[PDB]
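Student: One structure follows; several queries about it will come next.
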Amino acid sequence: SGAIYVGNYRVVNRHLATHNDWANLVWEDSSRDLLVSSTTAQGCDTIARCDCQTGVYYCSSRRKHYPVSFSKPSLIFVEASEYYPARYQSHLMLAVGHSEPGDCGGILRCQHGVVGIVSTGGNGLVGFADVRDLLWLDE
Ligand SMILES: COc1ccccc1CC(=O)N1C[C@@H](C(N)=O)CC(F)(F)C1
Ligand SMILES: [Zn+2]
C-alpha cells in the first residue's frame with residue numbers, strides 16, 4: 001500500500017484504488033497502473049522534474065529503504081494478474097531490488113523529490129510507475 005499527496009491530489013496504484021478514489025476520480029490510466037483522485041486536505045510532496053536514474057525506495061516487506069539505479073521509463077511486459085491480463089505497462093522503470101506484491105505504493109525518491117511508486121516486481125527486480133511527466137500535478 002501507499003500513495004503520493006501533492007496539492008489537492010492523491011496518487012495511488014490503479015489496482016489498489018478505493019471506492020472513494022473512484023468517486024473523486026481526476027484521471028486514471030490502466031496501461032500505467034495509475035489513478036489520481038482529489039482530496040479535501042492539502043498535500044506537501046514535492047514531485048521531481050528530472051531524468052535521475054538513481055534514488056531510494058521504501059520496501060514494506062522488509063521495513064527498510066534501499067538505494068537503487070533504475071532504468072528510463074518505458075513499455076515493459078507484465079504477466080497477467082487478477083487485475084490485468086498480460087500486457088505492456090508504459091512509463092515503467094526497473095531496478096534490481098527486493099519487492100513482493102504488497103510493496104506496491106512504496107515511494108521512490110531522488111534528491112529532487114518523488115519519482116514514482118512501486119507497481120511491479122519479481123525475480124530480484126522491482127518496477128516503479130513514473131510520475132515525473134505529470135506536470136499538471138503541480139498546477
Ligand atoms: C510489486 O509487485 C510484485 C513484486 C514481486 C512479485 C510479484 C509482484 C506483483 C506484480 O508485479 N504484479 C503486477 C501489477 C501490475 N502493475 O500489473 C499488479 C499486481 F500487483 F497485482 C501483480
Ligand atoms: Zn531527480
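Ordering of the C-alpha cells sets the chain letters (A, B, ...), residue numbers begin anew at 1 in every chain, and ligands are numbered from 1 in the order given.
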For residue 76 in chain A, find every residue with an atom within 12 Å (counting only C-alpha atoms), except residues of its own chain fewer than 5 positions away, and show them as a CSV table (one decimal) with N, CA, C and O atoms, in the first residue's frame.
Tutor:
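Written output follows (part-v9.csv):
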```csv
chain,number,residue,atom,x,y,z
A,31,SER,N,-2.9,1.4,-18.5
A,31,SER,CA,-1.6,1.0,-19.1
A,31,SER,C,-0.4,1.4,-18.2
A,31,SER,O,0.6,0.8,-18.4
A,32,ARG,N,-0.7,2.3,-17.3
A,32,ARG,CA,0.4,2.8,-16.4
A,32,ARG,C,0.2,2.3,-14.9
A,32,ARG,O,1.0,2.6,-14.1
A,71,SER,N,16.0,2.1,-14.5
A,71,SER,CA,16.0,2.4,-16.0
A,71,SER,C,15.2,3.6,-16.3
A,71,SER,O,14.5,4.1,-15.5
A,86,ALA,N,-2.1,-10.2,-19.4
A,86,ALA,CA,-0.7,-10.0,-19.8
A,86,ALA,C,-0.6,-8.8,-20.8
A,86,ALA,O,-1.5,-8.7,-21.7
A,87,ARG,N,0.3,-7.8,-20.5
A,87,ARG,CA,0.3,-6.6,-21.4
A,87,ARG,C,1.6,-5.8,-21.2
A,87,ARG,O,2.4,-6.2,-20.4
A,88,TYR,N,1.8,-4.8,-22.1
A,88,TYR,CA,2.9,-3.9,-21.9
A,88,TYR,C,2.4,-2.8,-20.9
A,88,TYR,O,1.4,-2.2,-21.1
A,89,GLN,N,3.2,-2.5,-19.8
A,89,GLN,CA,2.8,-1.4,-18.9
A,89,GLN,C,3.8,-0.3,-19.4
A,89,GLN,O,5.0,-0.5,-19.5
A,90,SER,N,3.2,0.9,-19.6
A,90,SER,CA,4.1,2.1,-20.0
A,90,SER,C,4.5,2.9,-18.8
A,90,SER,O,4.0,2.7,-17.7
A,91,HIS,N,5.6,3.7,-19.1
A,91,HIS,CA,6.1,4.6,-18.1
A,91,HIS,C,6.7,3.9,-16.9
A,91,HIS,O,6.6,4.4,-15.8
A,92,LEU,N,7.2,2.6,-17.1
A,92,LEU,CA,7.7,1.8,-16.0
A,92,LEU,C,9.3,1.8,-16.0
A,92,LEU,O,9.9,1.8,-17.1
A,93,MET,N,9.9,1.9,-14.8
A,93,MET,CA,11.3,1.9,-14.6
A,93,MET,C,11.7,0.7,-13.7
A,93,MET,O,11.1,0.4,-12.7
A,94,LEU,N,12.7,-0.1,-14.2
A,94,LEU,CA,13.1,-1.3,-13.4
A,94,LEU,C,14.4,-1.1,-12.7
A,94,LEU,O,15.3,-0.3,-13.1
A,119,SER,N,5.1,-0.6,-8.5
A,119,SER,CA,4.0,-1.1,-9.2
A,119,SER,C,4.1,-2.5,-9.7
A,119,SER,O,3.1,-3.1,-9.9
A,120,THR,N,5.3,-3.0,-9.9
A,120,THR,CA,5.6,-4.4,-10.4
A,120,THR,C,6.8,-5.0,-9.7
A,120,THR,O,7.6,-4.3,-9.1
A,121,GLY,N,7.1,-6.3,-9.9
A,121,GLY,CA,8.3,-6.9,-9.4
A,121,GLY,C,8.3,-8.4,-9.6
A,121,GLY,O,7.4,-9.0,-10.2
A,127,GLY,N,9.8,-2.8,-10.1
A,127,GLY,CA,9.4,-1.8,-11.2
A,127,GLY,C,8.6,-0.7,-10.5
A,127,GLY,O,7.7,-0.9,-9.7
A,128,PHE,N,8.9,0.6,-11.0
A,128,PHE,CA,8.2,1.8,-10.5
A,128,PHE,C,7.4,2.5,-11.6
A,128,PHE,O,7.9,2.7,-12.7
A,129,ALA,N,6.2,2.9,-11.3
A,129,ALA,CA,5.4,3.7,-12.2
A,129,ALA,C,5.9,5.1,-12.0
A,129,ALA,O,5.9,5.7,-10.9
```
Student: Please give me, as a list in words, the residues lying within 10 Å of ligand 2 when counting only C-alpha atoms and all ligand atoms.
Tutor: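 Counting only C-alpha atoms and all ligand atoms, the residues within 10 Å of ligand 2 come out as residues 47, 48, 49, 50, 51, 52, 53, 54, 55, 109, 110, 111, 112, 113, 114, 115 and 132 of chain A.
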Student: Please save N, CA and C atoms of the selected residues as a PDB file, in the first residue's frame.
Tutor:
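The file below, selection.pdb, is the result:
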```pdb
ATOM      1  N   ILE A  47       7.126  16.722  -6.268  1.00  0.00           N
ATOM      2  CA  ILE A  47       7.373  15.810  -7.363  1.00  0.00           C
ATOM      3  C   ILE A  47       8.659  16.259  -8.056  1.00  0.00           C
ATOM      4  N   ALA A  48       9.545  15.297  -8.331  1.00  0.00           N
ATOM      5  CA  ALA A  48      10.793  15.544  -9.047  1.00  0.00           C
ATOM      6  C   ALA A  48      10.498  15.788 -10.522  1.00  0.00           C
ATOM      7  N   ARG A  49      11.232  16.730 -11.125  1.00  0.00           N
ATOM      8  CA  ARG A  49      11.137  17.083 -12.537  1.00  0.00           C
ATOM      9  C   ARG A  49      12.587  16.964 -13.023  1.00  0.00           C
ATOM     10  N   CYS A  50      12.970  15.738 -13.444  1.00  0.00           N
ATOM     11  CA  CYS A  50      14.376  15.422 -13.738  1.00  0.00           C
ATOM     12  C   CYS A  50      14.490  14.130 -14.564  1.00  0.00           C
ATOM     13  N   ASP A  51      15.742  13.746 -14.910  1.00  0.00           N
ATOM     14  CA  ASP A  51      15.996  12.486 -15.590  1.00  0.00           C
ATOM     15  C   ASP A  51      16.955  11.615 -14.769  1.00  0.00           C
ATOM     16  N   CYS A  52      16.928  11.754 -13.429  1.00  0.00           N
ATOM     17  CA  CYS A  52      17.703  10.934 -12.482  1.00  0.00           C
ATOM     18  C   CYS A  52      17.469   9.450 -12.759  1.00  0.00           C
ATOM     19  N   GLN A  53      18.504   8.648 -12.644  1.00  0.00           N
ATOM     20  CA  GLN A  53      18.436   7.191 -12.724  1.00  0.00           C
ATOM     21  C   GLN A  53      18.954   6.521 -11.451  1.00  0.00           C
ATOM     22  N   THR A  54      19.063   7.284 -10.323  1.00  0.00           N
ATOM     23  CA  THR A  54      19.439   6.752  -9.018  1.00  0.00           C
ATOM     24  C   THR A  54      18.472   7.378  -7.986  1.00  0.00           C
ATOM     25  N   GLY A  55      18.194   6.633  -6.943  1.00  0.00           N
ATOM     26  CA  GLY A  55      17.284   7.080  -5.898  1.00  0.00           C
ATOM     27  C   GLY A  55      17.186   6.078  -4.760  1.00  0.00           C
ATOM     28  N   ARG A 109      12.287   7.975  -4.386  1.00  0.00           N
ATOM     29  CA  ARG A 109      12.661   9.378  -4.307  1.00  0.00           C
ATOM     30  C   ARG A 109      14.096   9.555  -4.749  1.00  0.00           C
ATOM     31  N   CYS A 110      14.391  10.679  -5.397  1.00  0.00           N
ATOM     32  CA  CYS A 110      15.740  11.094  -5.760  1.00  0.00           C
ATOM     33  C   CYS A 110      15.985  12.428  -5.002  1.00  0.00           C
ATOM     34  N   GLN A 111      17.172  13.050  -5.147  1.00  0.00           N
ATOM     35  CA  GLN A 111      17.475  14.335  -4.486  1.00  0.00           C
ATOM     36  C   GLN A 111      16.441  15.458  -4.820  1.00  0.00           C
ATOM     37  N   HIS A 112      15.705  15.319  -5.938  1.00  0.00           N
ATOM     38  CA  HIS A 112      14.755  16.346  -6.392  1.00  0.00           C
ATOM     39  C   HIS A 112      13.316  16.154  -5.871  1.00  0.00           C
ATOM     40  N   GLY A 113      13.031  15.017  -5.222  1.00  0.00           N
ATOM     41  CA  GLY A 113      11.683  14.729  -4.761  1.00  0.00           C
ATOM     42  C   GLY A 113      11.159  13.349  -5.172  1.00  0.00           C
ATOM     43  N   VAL A 114       9.849  13.206  -5.197  1.00  0.00           N
ATOM     44  CA  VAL A 114       9.156  11.967  -5.516  1.00  0.00           C
ATOM     45  C   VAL A 114       9.252  11.646  -6.989  1.00  0.00           C
ATOM     46  N   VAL A 115       9.751  10.438  -7.326  1.00  0.00           N
ATOM     47  CA  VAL A 115       9.938   9.980  -8.707  1.00  0.00           C
ATOM     48  C   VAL A 115       8.757   9.102  -9.165  1.00  0.00           C
ATOM     49  N   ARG A 132       6.948  11.725 -12.898  1.00  0.00           N
ATOM     50  CA  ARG A 132       7.662  12.968 -13.218  1.00  0.00           C
ATOM     51  C   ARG A 132       7.181  13.692 -14.461  1.00  0.00           C
TER      52      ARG A 132
END
```
Student: Compile the contact shell of residue 10 in chain A as a PyMOL selection string: residues with an atom at most 7 Å away, counting only C-alpha atoms, same-chain residues fewer than 5 positions apart removed.
Tutor: chain A and resi 3-5+36-39
Student: Could you list the protein, DNA and RNA residues that have any atom within 7 Å of ligand 1, counting only C-alpha atoms and all ligand atoms, and write them as a short mmCIF file (atom, residue, chain, number, x, y, z; two decimals) with C-alpha atoms, in the first residue's frame?
Tutor:
```
data_model
loop_
_atom_site.label_atom_id
_atom_site.label_comp_id
_atom_site.auth_asym_id
_atom_site.auth_seq_id
_atom_site.Cartn_x
_atom_site.Cartn_y
_atom_site.Cartn_z
CA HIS A 15 -5.27 -1.78 -8.97
CA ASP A 33 -1.32 1.23 -13.31
CA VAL A 78 3.99 -7.61 -17.31
CA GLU A 79 2.45 -11.05 -16.59
CA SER A 81 -2.60 -10.85 -12.61
CA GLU A 82 -6.05 -10.80 -11.00
CA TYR A 83 -6.26 -7.12 -12.07
CA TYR A 84 -4.94 -7.10 -15.64
CA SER A 99 9.83 -6.46 -3.75
CA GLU A 100 6.62 -8.51 -3.02
CA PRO A 101 3.02 -7.66 -4.27
CA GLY A 102 2.16 -5.83 -1.00
CA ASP A 103 5.10 -3.46 -1.68
CA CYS A 104 3.06 -1.57 -4.33
CA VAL A 118 6.33 0.59 -6.68
CA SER A 119 3.97 -1.05 -9.23
CA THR A 120 5.56 -4.42 -10.38
CA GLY A 121 8.28 -6.90 -9.37
CA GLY A 122 9.58 -10.42 -9.44
CA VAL A 126 11.33 -4.05 -8.74
#
```
Student: I'd like the interatomic distance between CA of residue 22 in chain A and CA of residue 1 in chain A, to a tenth of an Å.
Tutor: 16.6 Å
Student: From a DSSP calculation on the backbone, collect every residue of range 21-122 of chain A in strand (DSSP E) and output the set as a ChimeraX atom specification.
Tutor: /A:25-29,34-44,54-59,64-69,74-78,87-96,107-110,113-122
Student: Of the candidates A:134, A:35, A:61, A:26, which one gets nearest to residue 11 in chain A if we count only C-alpha atoms?
Tutor: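 Under the stated criterion, the closest residue is A:35.
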Student: Can you list, as a list in words, every residue of chain A that DSSP puts in helix (DSSP H, G or I)?
Tutor: residues 14, 15, 16, 19, 20, 21, 22, 23, 30, 31, 32, 101, 102, 103, 135, 136, 137 and 138 of chain A
Student: Let me see the file: selected residues, N, CA, C and O atoms, as a short mmCIF file (atom, residue, chain, number, x, y, z; two decimals), in the first residue's frame.
Tutor:
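The resulting result_28.cif:
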```cif
data_model
loop_
_atom_site.label_atom_id
_atom_site.label_comp_id
_atom_site.auth_asym_id
_atom_site.auth_seq_id
_atom_site.Cartn_x
_atom_site.Cartn_y
_atom_site.Cartn_z
N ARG A 14 -3.48 2.06 -9.60
CA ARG A 14 -4.87 1.92 -10.04
C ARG A 14 -5.50 0.63 -9.50
O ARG A 14 -6.66 0.66 -9.08
N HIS A 15 -4.72 -0.49 -9.46
CA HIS A 15 -5.27 -1.78 -8.97
C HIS A 15 -5.59 -1.78 -7.46
O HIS A 15 -6.37 -2.63 -6.98
N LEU A 16 -5.08 -0.79 -6.72
CA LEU A 16 -5.37 -0.69 -5.28
C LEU A 16 -6.35 0.46 -4.92
O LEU A 16 -6.55 0.74 -3.74
N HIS A 19 -13.20 2.86 -3.25
CA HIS A 19 -14.47 3.39 -3.76
C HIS A 19 -14.41 4.92 -3.76
O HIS A 19 -14.86 5.55 -4.72
N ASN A 20 -13.84 5.50 -2.67
CA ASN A 20 -13.67 6.95 -2.53
C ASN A 20 -12.81 7.51 -3.66
O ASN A 20 -13.22 8.49 -4.27
N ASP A 21 -11.65 6.89 -3.96
CA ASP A 21 -10.81 7.29 -5.10
C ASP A 21 -11.62 7.35 -6.41
O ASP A 21 -11.57 8.35 -7.12
N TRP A 22 -12.39 6.30 -6.70
CA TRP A 22 -13.18 6.27 -7.93
C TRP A 22 -14.34 7.29 -7.93
O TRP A 22 -14.68 7.77 -8.99
N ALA A 23 -14.90 7.62 -6.75
CA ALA A 23 -16.00 8.60 -6.61
C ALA A 23 -15.50 10.07 -6.76
O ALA A 23 -16.30 11.00 -6.96
N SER A 30 -5.01 2.59 -17.11
CA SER A 30 -4.73 1.16 -16.88
C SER A 30 -3.36 0.77 -17.38
O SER A 30 -2.70 -0.05 -16.78
N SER A 31 -2.93 1.35 -18.53
CA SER A 31 -1.64 0.97 -19.11
C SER A 31 -0.45 1.38 -18.22
O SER A 31 0.64 0.82 -18.39
N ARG A 32 -0.66 2.34 -17.31
CA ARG A 32 0.38 2.83 -16.36
C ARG A 32 0.18 2.33 -14.93
O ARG A 32 0.99 2.63 -14.07
N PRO A 101 4.21 -8.43 -3.79
CA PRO A 101 3.02 -7.66 -4.27
C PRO A 101 2.52 -6.54 -3.34
O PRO A 101 2.16 -5.45 -3.82
N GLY A 102 2.54 -6.80 -2.02
CA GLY A 102 2.16 -5.83 -1.00
C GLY A 102 3.04 -4.58 -0.94
O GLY A 102 2.70 -3.61 -0.26
N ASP A 103 4.19 -4.60 -1.63
CA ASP A 103 5.10 -3.46 -1.68
C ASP A 103 4.63 -2.34 -2.60
O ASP A 103 5.18 -1.22 -2.54
N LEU A 135 3.01 16.84 -15.34
CA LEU A 135 3.28 18.23 -14.98
C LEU A 135 2.12 18.91 -14.24
O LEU A 135 2.36 19.74 -13.35
N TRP A 136 0.87 18.52 -14.59
CA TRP A 136 -0.36 19.04 -14.01
C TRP A 136 -0.51 18.76 -12.52
O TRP A 136 -1.29 19.45 -11.86
N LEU A 137 0.23 17.77 -11.97
CA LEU A 137 0.15 17.50 -10.53
C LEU A 137 0.49 18.73 -9.68
O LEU A 137 -0.02 18.86 -8.57
N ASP A 138 1.28 19.67 -10.25
CA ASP A 138 1.73 20.91 -9.63
C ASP A 138 0.84 22.11 -9.80
O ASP A 138 1.02 23.06 -9.05
#
```
Student: Distance CA of residue 7 in chain A-CA of residue 44 in chain A, one decimal place?
Tutor: 6.3 Å
